[PDB]
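Each of two forms of one protein chain follows alone as structure tokens, named structure 1 and structure 2.
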Structure 1
């Protein structure tokens, strides 16, 4: 009789990251319990630049402090942008889904260095340090955050427990809906810091199950320039299915 290799979700999600030849962690939180999966669990308590995941908090601060509103159309004023898809007028929510950093640079500048630093420290996001450059502090340092801190943050958003008004949290949640099917909803925000070394990739968000239960996640992995951006979505969705969260 031969032996059988028996592999549960822990081994499988470790091997999903090995197959991409990169280092990654998936942090899960539900019912105030956090579990770690992937091939690089020490990443879960390591600080990384948040990159575009910071747009969730930029939006909360800008809406709370009435620097913008959910219907405002941010105009494309004519500079060549990183992607043609960004060369259009769009709302905060559209810019969230596209990760359109020039819209959120305009918003960060309206908020201003002083209010932004005070608000980031009030929330206590990551190392709460934004330095002197108001338009890139989430992209190239000095702001850094761990994957565990991101899962705690996004779980609070999902539960309307951040220290912001309930309407502002509801409105930002609505900007983050990625998919709905069969009574499940997936909400989340991607990020990819391409301008530092090592590059960092994120996908932070939560699943709302058909009975209303919230399962939050933070995927964090080392990226390289030849990977498709969808590698993050692929690894997340395969892992969530292995975990029977979807």
Structure 2
């Protein structure tokens, strides 16, 4: 059974002509799948997977709250009465918005570095620019570290207030189907070489059991962003997690 799972997911990644790993954490037990398992213990920039930690830090330190609406000058919008208010939670899901850069600036370099060190996220190095360190470095983290982080979040085990953790978890719901809930966060560092893509999160199964995941793969510019979600979903189905 296990050998079949291994073979099929390796092939799924090969079919996309790139290198990737899927880390699965189930009750202290970690399994690796994909065609480039060595990625699991390799450090990469977290890209916007860091939004999870940014939100925790910002909320814990009262630099924002879940009701604040953010605004900026951008492309002309239409039918805004049908757009969700631009809260921290809404911005969690959105690409190329400046909300999390603004939050990082409110937190400030010193507090951000102190918190990242306290959490021990990846190499815990944020350098001197508080509003982009997750995208271009120097902060890096392994896929195993990411799955452990998100598993702790899912279980309310991170060293933040229970309410803050609950609030951030609520921002991360991607889809619910037949009582299964998939929570998670994408990331894509497009401006570094090689590019890195992430999808880190967890499944809450109907009976309440939690299975955490971290997908990490090499991206190319011609890929649709959804390649990450596609690989995740077919792999979770193969593993009978969903």
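Only residues modelled in both forms are compared. Residue numbers count along the first chain shown, from 1. Definition used throughout: the rigid core is the maximal C-alpha set that superposes within 1.5 Å between two forms.
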Out of 129, 89, 72, 166, the position with Cα displaced 2 angstroms or more between structures 1 and 2 on rigid-core fit is 89
Large Cα move at residue 156 between structures 1 and 2, threshold 2 Å, rigid core:
no
Quiz prompt | After fitting the core, residue 99 CA displacement of 2 Å or more between structures 1 and 2 | solution = yes
Superposed on rigid core, residue 43 CA travels between structures 1 and 2 a distance in Å of 0.1
In Å, the rigid core superposition gives a C-alpha shift for residue 181 between structures 1 and 2 of 1.3
Stretches of at least 3 common residues between structures 1 and 2 with C-alpha displacement of 2 Å or more post rigid core fit fall at 5 to 7, 77 to 89, 99 to 101
